[PDB]
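Student: Structure here, sequence nowhere to be found:
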């Protein structure tokens, strides 16, 4: 499978959530949000957000709004 992490193309485990994608890529969170396929999902879902071959991702630093 392949993905786009912050405009960076990649190849990881298709079907693996984000918590699965990030962790597979060797990335965790520490306060990070991301947008896949242009849909910004809340970190928590990363653990149940199964990623698919062609997984596109956006990277946000810290959860800050306002």
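Tutor: Happy to help now that I have it. Numbers count the residues shown, from 1 in each chain.
Student: ok, which stretches of the protein are strands?
Tutor: 3-5, 9-10, 32-36, 39-41, 55-57, 59-61 (DSSP state E).
Student: do you know which of these lies nearest residue 49?
Tutor: strand 39-41 (5.6 Å; CB to CB). For every residue, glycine as well, the C-beta is placed using N, CA and C.
Student: okay, now the closest residue to residue 50 other than its chain neighbours: neighbour count?
Tutor: Of all residues not flanking residue 50 in the chain, residue 17 sits nearest, at 5.1 Å (CB to CB, 6 or more residues apart in numbering). Per other CB atoms under 10 Å, the neighbour tally for residue 17 reads 18.
Student: contacting residues for residue 17?
Tutor: 45-51 (CB atoms under 8 Å, 6 or more residues apart in numbering).
Student: quick one: contacts for residue 25?
Tutor: Taking CB under 8 Å, 6+ apart as the test, what residue 25 contacts is 5, 10, 12.
Student: Could you give me the ChimeraX selection string for whichever of those residues are buried?
Tutor: Here is the ChimeraX command that selects the buried residues among the contacts of residue 25 (16 or more other CB atoms under 10 Å):
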select :5,12
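Student: No further queries at this time; thank you.
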